[PDB]
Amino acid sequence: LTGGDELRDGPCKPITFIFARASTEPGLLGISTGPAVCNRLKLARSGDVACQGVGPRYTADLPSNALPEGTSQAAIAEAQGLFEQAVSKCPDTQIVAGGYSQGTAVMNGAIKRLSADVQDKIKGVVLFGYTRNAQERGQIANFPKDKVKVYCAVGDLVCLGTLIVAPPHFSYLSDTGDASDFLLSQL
C-alpha cells in the first residue's frame, strides 16, 4: 500500500498525521476528510508529512458506535499504539491527528489514555462530526482544549449526544482547509 500506512512503512518524517476514519469508510485514511487533510498537509510541507490511518483492527463498523465509548476497544487500543509508536520510532517527529464520525470516538478514547509525554508530542487534533461532543463537552478528555478543534456542522445531530445521522454530517469537506490550517498553526 502507498497511502495511509506511512508511519509503519517509514521513513520517519518531520510531521506525522494520524487519522481515524468514519464508519463504512474503506482503507486506512478513508475516502473523505482523511485524504483531504493529509493531502493539504503534504502540499503545505512538501516531502515532510507521513499520513497514518488507524487500521486494520479498527474496522469502522456501524454497530461499534453504540458501544460505551462510541467505538470498539480494539480500535482505541490500535490508535493508542500508533501514537506511542510514532514517538518511539520517530523521536523527532511532531504529531497532528484527526478523526471523522466514529473516528473521533477512537481519537478521544485513545488520546485520553496517553501519558503526558506522548500527549505533548500531539500538537493539534481536528474532529469532524464529533460523536462524543456532548459527552466530552467539545474536547478530548484529559487533554488540552486548545489543542483540539471540533467541527460540528449545524444540524449534525451526532454532536448532540445521539447517533442520528443527517445530511450536515457529510458536509465536512468544506472544513478540511480550515482544519489543515489549524494543524499547521499548531505545529
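For every residue, the number given is its place in the sequence shown, counted from 1.
Colleague: What stretch has the higher average Cα B-factor here, 163 to 171 or 17 to 25?
Modeller: Between 17 to 25 and 163 to 171, it is 163 to 171 that shows the higher mean C-alpha B-factor.
Colleague: If you take the mean CA temperature factor per stretch, which one wins between 110 to 118 and 94 to 102?
Modeller: Looking at the record's C-alpha B-factors, the answer is 110 to 118.
Colleague: Looking at the C-alpha B-factor values in the deposited entry, which of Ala134, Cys38, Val126, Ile31 comes out highest?
Modeller: Largest recorded C-alpha B-factor: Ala134.
Colleague: Once the chain's modelled residues are ordered by C-alpha B factor and cut into thirds, is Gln73 in the lowest, middle or highest one?
Modeller: It belongs to the middle third of the chain when residues are ordered by C-alpha B-factor.
Colleague: Per the entry's values, where does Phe143 land by CA temperature factor relative to the rest of its chain, in the lowest, middle or highest third?
Modeller: Highest third - that is where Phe143 ends up once the chain's C-alpha B-factors are sorted.
Colleague: Comparing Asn65 with the other modelled residues of its chain, is its CA B-factor in the lowest, middle or highest third?
Modeller: Middle third by C-alpha B-factor.
Colleague: If you rank the chain by CA B-factor, which third does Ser46 end up in: lowest, middle or highest?
Modeller: Highest third of the chain for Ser46's C-alpha B-factor.
Colleague: Looking at the temperature factor on the CA atom of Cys152, which third of the chain's modelled residues does it land in?
Modeller: Its C-alpha B-factor, which the entry lists for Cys152, ranks in the middle third among residues of this chain.
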